[PDB]
Amino acid sequence: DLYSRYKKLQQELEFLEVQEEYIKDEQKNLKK
Amino acid sequence: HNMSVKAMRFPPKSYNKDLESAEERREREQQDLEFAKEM
Amino acid sequence: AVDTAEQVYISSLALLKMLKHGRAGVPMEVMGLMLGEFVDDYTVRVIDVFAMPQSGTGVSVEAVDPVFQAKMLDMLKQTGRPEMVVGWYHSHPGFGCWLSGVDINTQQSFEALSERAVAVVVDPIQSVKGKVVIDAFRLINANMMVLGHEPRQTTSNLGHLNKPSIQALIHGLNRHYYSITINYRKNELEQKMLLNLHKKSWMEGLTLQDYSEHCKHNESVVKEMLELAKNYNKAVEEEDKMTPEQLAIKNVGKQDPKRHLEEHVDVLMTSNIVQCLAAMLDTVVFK
Amino acid sequence: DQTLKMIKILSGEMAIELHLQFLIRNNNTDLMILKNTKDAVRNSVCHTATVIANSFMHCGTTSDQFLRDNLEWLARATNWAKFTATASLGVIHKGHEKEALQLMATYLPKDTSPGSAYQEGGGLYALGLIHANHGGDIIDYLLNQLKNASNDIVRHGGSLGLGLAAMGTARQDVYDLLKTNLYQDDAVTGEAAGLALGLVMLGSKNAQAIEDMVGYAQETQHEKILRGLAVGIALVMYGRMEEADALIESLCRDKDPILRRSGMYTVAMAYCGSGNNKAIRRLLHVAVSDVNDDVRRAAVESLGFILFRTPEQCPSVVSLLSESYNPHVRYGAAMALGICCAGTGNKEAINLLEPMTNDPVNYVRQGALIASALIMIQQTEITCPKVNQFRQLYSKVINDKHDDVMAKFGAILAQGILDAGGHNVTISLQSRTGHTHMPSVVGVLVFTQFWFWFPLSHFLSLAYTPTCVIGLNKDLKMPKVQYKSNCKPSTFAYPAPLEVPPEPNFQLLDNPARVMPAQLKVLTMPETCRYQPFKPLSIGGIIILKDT
Amino acid sequence: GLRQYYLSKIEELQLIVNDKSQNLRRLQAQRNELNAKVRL
Ligand SMILES: [Zn+2]
């Protein structure tokens, strides 16, 4: 396939975006 | 100073397990504590 | 029967009563009475606690005067609002928490009155911030221990959540009494009015902090910070040498310049910048 | 006929009694296992654990010998284990109208009248278990007995079984005695009322009833009444994607930890299988900010429910949370794996669950064993080698004296989970169509909450789904097809108990034949038989097999 | 037009993958040392 090669590849940019904010929250929570 | 912070946090890697103490020594601590409680 | 899912609710005031009266006469086992609404078969909500004065000198639990609690029970009746006695307490001071043989007797005098009375132990030494340590108890029948039968018939994953202490396990622990998981009731009406009032400066940062001795104290840190930096010109040079674990055990007799240095850098930094900015706002604000 | 067609396809009995036919014909279980777990005789949870385990491994097969072996160790534990005993019978007789009243003819509440109103009270629970999603005489028969009865010692069983039979049906009739069941001002009616109050209104978003429920759960003092409704107001909204977010925002805005937890659930149900950015930001943030542990545990157990569509992503996010500072997040993390990847033998998820039994906390050792059971049902040594690596492990922990009853409780439960239905039933939160199986979703969601009620997670029968083809040519007539497979015949392995006191790949299969969903692609079509299927055999279930 | 249109989406996105993934790898170990300090 060629069409899924971009849809599923931006899909993990949406999915990937959350985790840096997540560990950004844990970075202060484990301090506190 | 801040660049000497940003380009030096690499080190923390490789090593990955910080064990609590053990499992079998926790069980033996439960047995010896059970014997002190029985005593 | 019970399901070891009893879940005592208490208060936000009675903890303060327990630590104050448990702390004032602390090496003697002080006691008093508990007073709240008795809700359903599972839970109980003890809203108030008043203490009882002692009988005489001696580390024990003395006795209870129903003249005194008859009157004190009626003072709040004709002044505040009626409640019900539900439990009682004493104070193992620096012991932890269990039931002594004296404790189980005066408990046994109270469970015959109401079958769901509550034994409570406060420990006002080993508590620091997150460890208050209370662990309210109640008797189990030794008759069923003679039967060899297991009481209390767990229907909920709520009981076996806190592991019991080894000292109470040495004591009557599971052969004469049981633990009860508790928690607390609070509200923002209280949370704000204790948060906003505990540590509050007033106009103090709008001052100048001993304006001659600020620079003098700044001198009074930098002067020994010089020789401490000379020790930092001493301690680096034994690297490319013996292993850093020996450079860890070996440094337990004499001070290091590193941590002691970065302490004073912080102290000079935050000591200066606050006096600078707070010095400069008043130039704008006052004329 | 076309006149009979509404009964054939809308009552749908010829999958009910025909999967029941597959259960009564196909039964591969063991006595020796419950002989091995028989040895743990003590008056702990163990009685309820065993008598819920045989119901777990004998769903709908009507096999009364693991109960009928004795009466003494059966009825030894009392006062709720007899309630669990009359609970466990309907799962054994699930999906069968006839042997419901006649076998419980001892167990009607007005026949023998013993001192146990639980043994005779919780029957209608099991009648609702048999006739879940089949509303008939179960409604009014299980309703007029609830018009006049005792207190909430039969009303739990009739209420839960009644709303279970009327699950997702929007019925004013059960809603009436659920109104007066709601306004009892009783603590013990809370699980009776708040559960079925949502069950009959599944996916209805009846905002007047929402206003009644959350308007009622703001003033009472008991907590079970604040908990059954905390499930029900989640249950009333289902798959909405935007249509609850003001209410989720309200419940999370409230100071009540139980109600914030209920919001967690509600956002867990309005986003089933949908990988939405809107849910995942706050949802994950609620398990990091909040101070109660319960809302953190439900907050991390929302993730497999919102992300079971792609099971490749939950091991990527939750393994980061297997090492939290609290065993609560370490616990709901493992149950988040156990709800996400349970359909597959995810080698990575088993790899995550390997050290999860090592932790010094008893309940995370427990839920490690529950998730370890859910990951590998109907999987024999060739999907993953860890199966018999863990079969010895459940025995290893159940035969210790020095463990906890809670610690071995996940093992004794995990037995009847692991060998359920004689390797003939399975979990499926998912049809092959892409549509999810919402009674299985309700069954696993309700199955989470065994913390606060033990036969609450007895509601698991709706998750047990077949892996079996059915060949058929008429409405009733069995054909006789014998097709085979092509691929490796060691995939077709069995439990094969040991009972201590040249390789054929042509697996000839009849019409009621079990087949792994991985084995749906490795089979052979019948090309030489007189019968040839007009449908392309990709799904199992039931098909037409055209006589050529 | 799918060559010069569609394939140009792939060469772009991967550059964001390669450094946001790397920032993630730095950041989660940066959690992990502190977490081991906490439980220890
Ligand atoms: Zn004492």
# chains A, B, ... in the order shown; residues from 1 in each chain; ligands from 1
call {"tool": "residues_near_ligand", "arguments": {"ligand": "ligand 1", "cutoff": "12 Å", "atoms": "only C-alpha atoms and all ligand atoms", "output": "NGL selection string"}}
result
:C and (27-31 or 59-62 or 88-107 or 119-123 or 137 or 168 or 171)
call {"tool": "select_by_dssp", "arguments": {"residues": "chain A", "states": "alpha helix (DSSP H)", "output": "PDB file with N, CA, C and O atoms, in the first residue's frame"}}
result
ATOM      1  N   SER A   4      -1.840   4.321   3.167  1.00  0.00           N
ATOM      2  CA  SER A   4      -1.724   4.216   4.616  1.00  0.00           C
ATOM      3  C   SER A   4      -0.380   4.714   5.129  1.00  0.00           C
ATOM      4  O   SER A   4      -0.271   5.064   6.311  1.00  0.00           O
ATOM      5  N   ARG A   5       0.624   4.790   4.250  1.00  0.00           N
ATOM      6  CA  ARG A   5       1.984   5.172   4.611  1.00  0.00           C
ATOM      7  C   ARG A   5       2.108   6.619   5.066  1.00  0.00           C
ATOM      8  O   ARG A   5       3.175   7.008   5.549  1.00  0.00           O
ATOM      9  N   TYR A   6       1.074   7.436   4.894  1.00  0.00           N
ATOM     10  CA  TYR A   6       1.071   8.767   5.477  1.00  0.00           C
ATOM     11  C   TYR A   6       0.038   8.945   6.575  1.00  0.00           C
ATOM     12  O   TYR A   6       0.315   9.646   7.551  1.00  0.00           O
ATOM     13  N   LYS A   7      -1.128   8.308   6.445  1.00  0.00           N
ATOM     14  CA  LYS A   7      -2.160   8.397   7.473  1.00  0.00           C
ATOM     15  C   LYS A   7      -1.693   7.765   8.777  1.00  0.00           C
ATOM     16  O   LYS A   7      -1.762   8.387   9.848  1.00  0.00           O
ATOM     17  N   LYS A   8      -1.160   6.546   8.699  1.00  0.00           N
ATOM     18  CA  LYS A   8      -0.647   5.891   9.893  1.00  0.00           C
ATOM     19  C   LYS A   8       0.642   6.520  10.402  1.00  0.00           C
ATOM     20  O   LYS A   8       1.022   6.269  11.548  1.00  0.00           O
ATOM     21  N   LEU A   9       1.308   7.339   9.590  1.00  0.00           N
ATOM     22  CA  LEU A   9       2.538   7.995  10.004  1.00  0.00           C
ATOM     23  C   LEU A   9       2.313   9.363  10.633  1.00  0.00           C
ATOM     24  O   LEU A   9       3.146   9.798  11.434  1.00  0.00           O
ATOM     25  N   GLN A  10       1.222  10.051  10.300  1.00  0.00           N
ATOM     26  CA  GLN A  10       0.831  11.207  11.094  1.00  0.00           C
ATOM     27  C   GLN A  10       0.066  10.796  12.339  1.00  0.00           C
ATOM     28  O   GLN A  10       0.002  11.572  13.310  1.00  0.00           O
ATOM     29  N   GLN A  11      -0.516   9.591  12.302  1.00  0.00           N
ATOM     30  CA  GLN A  11      -1.237   9.050  13.447  1.00  0.00           C
ATOM     31  C   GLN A  11      -0.351   8.961  14.682  1.00  0.00           C
ATOM     32  O   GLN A  11      -0.777   9.309  15.790  1.00  0.00           O
ATOM     33  N   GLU A  12       0.892   8.532  14.507  1.00  0.00           N
ATOM     34  CA  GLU A  12       1.822   8.495  15.624  1.00  0.00           C
ATOM     35  C   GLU A  12       2.476   9.841  15.894  1.00  0.00           C
ATOM     36  O   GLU A  12       3.266   9.943  16.835  1.00  0.00           O
ATOM     37  N   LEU A  13       2.203  10.867  15.092  1.00  0.00           N
ATOM     38  CA  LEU A  13       2.573  12.203  15.535  1.00  0.00           C
ATOM     39  C   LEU A  13       1.544  12.747  16.502  1.00  0.00           C
ATOM     40  O   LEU A  13       1.905  13.376  17.507  1.00  0.00           O
ATOM     41  N   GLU A  14       0.263  12.513  16.199  1.00  0.00           N
ATOM     42  CA  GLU A  14      -0.782  12.794  17.179  1.00  0.00           C
ATOM     43  C   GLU A  14      -0.565  11.988  18.449  1.00  0.00           C
ATOM     44  O   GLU A  14      -0.642  12.528  19.559  1.00  0.00           O
ATOM     45  N   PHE A  15      -0.294  10.694  18.299  1.00  0.00           N
ATOM     46  CA  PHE A  15      -0.095   9.829  19.452  1.00  0.00           C
ATOM     47  C   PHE A  15       1.203  10.150  20.178  1.00  0.00           C
ATOM     48  O   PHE A  15       1.266  10.066  21.409  1.00  0.00           O
ATOM     49  N   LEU A  16       2.233  10.534  19.436  1.00  0.00           N
ATOM     50  CA  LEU A  16       3.529  10.861  20.002  1.00  0.00           C
ATOM     51  C   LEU A  16       3.524  12.191  20.735  1.00  0.00           C
ATOM     52  O   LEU A  16       4.348  12.384  21.634  1.00  0.00           O
ATOM     53  N   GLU A  17       2.608  13.097  20.381  1.00  0.00           N
ATOM     54  CA  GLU A  17       2.629  14.445  20.939  1.00  0.00           C
ATOM     55  C   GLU A  17       2.291  14.465  22.429  1.00  0.00           C
ATOM     56  O   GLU A  17       2.777  15.335  23.160  1.00  0.00           O
ATOM     57  N   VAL A  18       1.517  13.488  22.901  1.00  0.00           N
ATOM     58  CA  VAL A  18       0.978  13.544  24.256  1.00  0.00           C
ATOM     59  C   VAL A  18       2.065  13.273  25.290  1.00  0.00           C
ATOM     60  O   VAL A  18       2.099  13.896  26.360  1.00  0.00           O
ATOM     61  N   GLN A  19       2.995  12.376  24.967  1.00  0.00           N
ATOM     62  CA  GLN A  19       3.874  11.797  25.972  1.00  0.00           C
ATOM     63  C   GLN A  19       4.926  12.774  26.479  1.00  0.00           C
ATOM     64  O   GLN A  19       5.356  12.665  27.632  1.00  0.00           O
ATOM     65  N   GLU A  20       5.361  13.719  25.646  1.00  0.00           N
ATOM     66  CA  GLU A  20       6.335  14.698  26.116  1.00  0.00           C
ATOM     67  C   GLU A  20       5.697  15.677  27.093  1.00  0.00           C
ATOM     68  O   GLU A  20       6.338  16.117  28.056  1.00  0.00           O
ATOM     69  N   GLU A  21       4.425  16.005  26.873  1.00  0.00           N
ATOM     70  CA  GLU A  21       3.655  16.750  27.857  1.00  0.00           C
ATOM     71  C   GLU A  21       3.423  15.918  29.107  1.00  0.00           C
ATOM     72  O   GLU A  21       3.370  16.452  30.223  1.00  0.00           O
ATOM     73  N   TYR A  22       3.306  14.607  28.930  1.00  0.00           N
ATOM     74  CA  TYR A  22       3.038  13.720  30.047  1.00  0.00           C
ATOM     75  C   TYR A  22       4.223  13.641  30.997  1.00  0.00           C
ATOM     76  O   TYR A  22       4.088  13.858  32.209  1.00  0.00           O
ATOM     77  N   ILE A  23       5.398  13.326  30.458  1.00  0.00           N
ATOM     78  CA  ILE A  23       6.608  13.307  31.262  1.00  0.00           C
ATOM     79  C   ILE A  23       6.997  14.716  31.689  1.00  0.00           C
ATOM     80  O   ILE A  23       7.682  14.890  32.705  1.00  0.00           O
ATOM     81  N   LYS A  24       6.543  15.734  30.954  1.00  0.00           N
ATOM     82  CA  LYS A  24       6.643  17.103  31.442  1.00  0.00           C
ATOM     83  C   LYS A  24       5.840  17.299  32.725  1.00  0.00           C
ATOM     84  O   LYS A  24       6.256  18.062  33.605  1.00  0.00           O
ATOM     85  N   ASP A  25       4.713  16.597  32.872  1.00  0.00           N
ATOM     86  CA  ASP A  25       3.958  16.683  34.122  1.00  0.00           C
ATOM     87  C   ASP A  25       4.611  15.867  35.230  1.00  0.00           C
ATOM     88  O   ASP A  25       4.682  16.306  36.390  1.00  0.00           O
ATOM     89  N   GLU A  26       5.081  14.666  34.894  1.00  0.00           N
ATOM     90  CA  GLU A  26       5.747  13.821  35.875  1.00  0.00           C
ATOM     91  C   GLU A  26       7.045  14.422  36.387  1.00  0.00           C
ATOM     92  O   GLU A  26       7.426  14.146  37.533  1.00  0.00           O
ATOM     93  N   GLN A  27       7.701  15.246  35.567  1.00  0.00           N
ATOM     94  CA  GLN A  27       8.970  15.861  35.920  1.00  0.00           C
ATOM     95  C   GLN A  27       8.837  16.774  37.128  1.00  0.00           C
ATOM     96  O   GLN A  27       9.755  16.846  37.951  1.00  0.00           O
ATOM     97  N   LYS A  28       7.701  17.449  37.272  1.00  0.00           N
ATOM     98  CA  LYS A  28       7.453  18.208  38.486  1.00  0.00           C
ATOM     99  C   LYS A  28       6.752  17.392  39.557  1.00  0.00           C
ATOM    100  O   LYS A  28       6.947  17.668  40.748  1.00  0.00           O
ATOM    101  N   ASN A  29       5.934  16.406  39.164  1.00  0.00           N
ATOM    102  CA  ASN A  29       5.172  15.682  40.175  1.00  0.00           C
ATOM    103  C   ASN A  29       6.070  14.817  41.047  1.00  0.00           C
ATOM    104  O   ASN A  29       5.843  14.724  42.260  1.00  0.00           O
TER     105      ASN A  29
END
call {"tool": "select_by_dssp", "arguments": {"residues": "region 84-180 of chain C", "states": "strand (DSSP E)", "output": "mmCIF file with N, CA, C and O atoms, in the first residue's frame"}}
result
data_model
loop_
_atom_site.group_PDB
_atom_site.id
_atom_site.type_symbol
_atom_site.label_atom_id
_atom_site.label_comp_id
_atom_site.auth_asym_id
_atom_site.auth_seq_id
_atom_site.Cartn_x
_atom_site.Cartn_y
_atom_site.Cartn_z
ATOM 1 N N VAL C 85 -22.064 9.344 72.300
ATOM 2 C CA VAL C 85 -20.771 8.714 72.505
ATOM 3 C C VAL C 85 -20.703 7.451 71.663
ATOM 4 O O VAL C 85 -21.658 6.665 71.588
ATOM 5 N N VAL C 86 -19.591 7.281 70.971
ATOM 6 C CA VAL C 86 -19.434 6.137 70.092
ATOM 7 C C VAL C 86 -18.194 5.368 70.515
ATOM 8 O O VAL C 86 -18.240 4.147 70.681
ATOM 9 N N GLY C 87 -17.091 6.075 70.716
ATOM 10 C CA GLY C 87 -15.861 5.428 71.114
ATOM 11 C C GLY C 87 -15.189 6.117 72.279
ATOM 12 O O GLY C 87 -15.840 6.787 73.084
ATOM 13 N N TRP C 88 -13.870 5.991 72.325
ATOM 14 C CA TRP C 88 -13.024 6.372 73.446
ATOM 15 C C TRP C 88 -11.607 6.108 72.980
ATOM 16 O O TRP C 88 -11.390 5.457 71.955
ATOM 17 N N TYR C 89 -10.640 6.564 73.761
ATOM 18 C CA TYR C 89 -9.265 6.356 73.356
ATOM 19 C C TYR C 89 -8.361 6.274 74.570
ATOM 20 O O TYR C 89 -8.797 6.395 75.714
ATOM 21 N N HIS C 90 -7.086 6.053 74.282
ATOM 22 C CA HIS C 90 -5.995 6.289 75.206
ATOM 23 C C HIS C 90 -4.781 6.664 74.366
ATOM 24 O O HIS C 90 -4.911 7.017 73.191
ATOM 25 N N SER C 91 -3.594 6.596 74.959
ATOM 26 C CA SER C 91 -2.396 7.099 74.287
ATOM 27 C C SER C 91 -1.200 6.213 74.611
ATOM 28 O O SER C 91 -0.560 6.405 75.646
ATOM 29 N N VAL C 118 -15.594 1.792 69.823
ATOM 30 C CA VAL C 118 -14.360 1.917 69.052
ATOM 31 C C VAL C 118 -13.200 2.200 69.994
ATOM 32 O O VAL C 118 -13.237 3.172 70.758
ATOM 33 N N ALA C 119 -12.158 1.377 69.910
ATOM 34 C CA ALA C 119 -10.899 1.653 70.584
ATOM 35 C C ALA C 119 -9.966 2.401 69.643
ATOM 36 O O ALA C 119 -9.873 2.069 68.458
ATOM 37 N N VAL C 120 -9.281 3.413 70.174
ATOM 38 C CA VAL C 120 -8.451 4.329 69.396
ATOM 39 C C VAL C 120 -7.157 4.581 70.168
ATOM 40 O O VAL C 120 -7.189 4.804 71.381
ATOM 41 N N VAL C 121 -6.018 4.504 69.481
ATOM 42 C CA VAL C 121 -4.711 4.748 70.082
ATOM 43 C C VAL C 121 -4.032 5.879 69.329
ATOM 44 O O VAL C 121 -3.853 5.793 68.114
ATOM 45 N N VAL C 122 -3.624 6.923 70.033
ATOM 46 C CA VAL C 122 -2.852 7.968 69.375
ATOM 47 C C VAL C 122 -1.401 7.795 69.792
ATOM 48 O O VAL C 122 -1.100 7.279 70.873
ATOM 49 N N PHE C 137 -9.029 0.297 66.686
ATOM 50 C CA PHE C 137 -9.245 -1.134 66.842
ATOM 51 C C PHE C 137 -10.593 -1.421 67.487
ATOM 52 O O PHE C 137 -11.328 -0.516 67.890
ATOM 53 N N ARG C 138 -10.886 -2.719 67.596
ATOM 54 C CA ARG C 138 -11.999 -3.248 68.373
ATOM 55 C C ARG C 138 -11.735 -4.729 68.612
ATOM 56 O O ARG C 138 -11.137 -5.401 67.771
ATOM 57 N N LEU C 139 -12.189 -5.215 69.772
ATOM 58 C CA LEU C 139 -12.028 -6.599 70.209
ATOM 59 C C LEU C 139 -12.618 -7.596 69.219
ATOM 60 O O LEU C 139 -13.590 -7.307 68.517
ATOM 61 N N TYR C 177 -8.039 -8.657 68.604
ATOM 62 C CA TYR C 177 -8.608 -7.437 68.052
ATOM 63 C C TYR C 177 -8.233 -7.332 66.583
ATOM 64 O O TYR C 177 -7.353 -8.038 66.089
ATOM 65 N N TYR C 178 -8.903 -6.412 65.899
ATOM 66 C CA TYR C 178 -8.700 -6.185 64.480
ATOM 67 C C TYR C 178 -8.457 -4.707 64.219
ATOM 68 O O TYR C 178 -8.902 -3.845 64.976
ATOM 69 N N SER C 179 -7.827 -4.427 63.085
ATOM 70 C CA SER C 179 -7.609 -3.066 62.628
ATOM 71 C C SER C 179 -8.801 -2.574 61.820
ATOM 72 O O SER C 179 -9.627 -3.354 61.345
#
call {"tool": "interface_residues", "arguments": {"of": "chain B", "to": "chain D", "cutoff": "10 Å", "atoms": "only C-alpha atoms", "output": "ChimeraX atom specification"}}
result
/B:19-23,26-27,30-31
call {"tool": "write_last_selection", "arguments": {"atoms": "C-alpha atoms", "output": "PDB file, in the first residue's frame"}}
result
ATOM      1  CA  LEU B  19      15.713  -3.338  42.751  1.00  0.00           C
ATOM      2  CA  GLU B  20      13.859  -2.611  45.991  1.00  0.00           C
ATOM      3  CA  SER B  21      15.907  -5.029  48.015  1.00  0.00           C
ATOM      4  CA  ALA B  22      15.123  -8.587  46.855  1.00  0.00           C
ATOM      5  CA  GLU B  23      12.322 -11.155  46.733  1.00  0.00           C
ATOM      6  CA  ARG B  26      11.878 -10.293  51.671  1.00  0.00           C
ATOM      7  CA  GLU B  27      10.376 -13.759  52.143  1.00  0.00           C
ATOM      8  CA  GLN B  30       8.782 -12.406  56.599  1.00  0.00           C
ATOM      9  CA  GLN B  31       9.799 -15.775  58.054  1.00  0.00           C
TER      10      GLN B  31
END
call {"tool": "closest_residue", "arguments": {"among": "D:384, D:346, D:181, D:332", "to": "residue 363 (chain D)", "atoms": "only C-alpha atoms"}}
result
D:332
